[PDB]
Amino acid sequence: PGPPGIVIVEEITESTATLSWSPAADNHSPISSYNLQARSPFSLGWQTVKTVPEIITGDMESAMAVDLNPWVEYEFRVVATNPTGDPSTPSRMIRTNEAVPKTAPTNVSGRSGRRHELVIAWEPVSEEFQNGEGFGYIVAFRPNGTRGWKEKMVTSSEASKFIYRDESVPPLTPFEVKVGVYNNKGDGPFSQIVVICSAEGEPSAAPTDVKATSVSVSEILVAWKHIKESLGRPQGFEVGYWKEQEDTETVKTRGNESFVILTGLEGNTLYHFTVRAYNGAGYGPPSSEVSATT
């Protein structure tokens, strides 16, 4: 089956393009069907798309591509099949119509700041999900257990954080925090409400270099790379040990120490360990699971 000659894009919407094509030369074999294919600037390559109708039969010369994203540039091409040949030269470049944003940012977090600063951060939203011009974020926050929302219009699609300075706020005050989206077509969804402390973000990276080697038969030592402690910002570590599922024992360190010895264990017994950092905002990500046997 040869290649379709031209691909005409006839109608365009928020999430739909409708397109037709002059047929493909069947090589003495009745074309079973056509597949539609699309490519945006964010596509790694061409891909077959959902269509209307669902199957495009051999005698059809037009169909509708579905579930496109608003305000994305698409290019289309068509490929025939008989018991599957070459694809067409691509259609013109179109760009679907603008819509309201539909996709709020992920990873809404607190970061550390100055004593009386509430630092809210998030992962920005890519061009392919802004659904229109004039994309920005909307940060909304309130002391935890308070009704009125303070809000701020962050007007840069590339912004990943926002700072609020209030001296009345003592450090480590929990806020309810929302981050939403908008563009010139209007208002989008808010993220889920996260609760994050003022002044200090949770520890950001796991302990590393976690080694565990046994010491006796009642004892075994676990040690990790030392992390520097800021002044006036206490840190510690929690070490989880088990022999069974992780969900079954913890020990905390003496301030910022980078090792512990575990006593009162059983002899000739294989243990497993993970380590995570804690400060005044909570716990950081747990480390890589290590082990050793008494």
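Residue numbers run from 1 along the displayed sequence.
How much of the deposited sequence is absent from the coordinates between residue 145 and residue 146: none, 1 to 3, 4 to 9, or 10 or more residues? None; the chain is continuous from residue 145 to residue 146.
Answer with none, 1 to 3, 4 to 9, or 10 or more: how many deposited residues between residue 226 and residue 227 are not present in the coordinates. Gap between residue 226 and residue 227: none, chain continuous.
Given 25 to 33 and 62 to 70, the range whose Cα B-factors average higher in the PDB entry: Result: 25 to 33.
Highest mean C-alpha temperature factor of the two stretches 39 to 47 and 53 to 61, which is it? Higher of the two, by average CA B-factor, is 53 to 61.
If I read the C-alpha B-factors straight from the PDB entry, which of 86, 176, 98, 117 is highest? Checking the PDB record, the top C-alpha B-factor among 86, 176, 98, 117 is at 86.
If you rank the chain by CA B-factor, which third does residue 264 end up in: lowest, middle or highest? Highest third.
Sort the modelled residues of this chain by their C-alpha B factor and say whether residue 127 lands in the lowest, middle or highest third. According to the entry, residue 127 has a C-alpha B-factor in the chain's lowest third.
Lowest, middle or highest third of the chain for the C-alpha temperature factor of residue 233? Residue 233: CA B-factor falls in the lowest third of its chain.
Compared with the other modelled residues in the chain, in which third is the CA B-factor of residue 94? Middle third.
Where does residue 220 sit by CA temperature factor within its chain: lowest, middle or highest third? Highest third - that is where residue 220 ends up once the chain's C-alpha B-factors are sorted.
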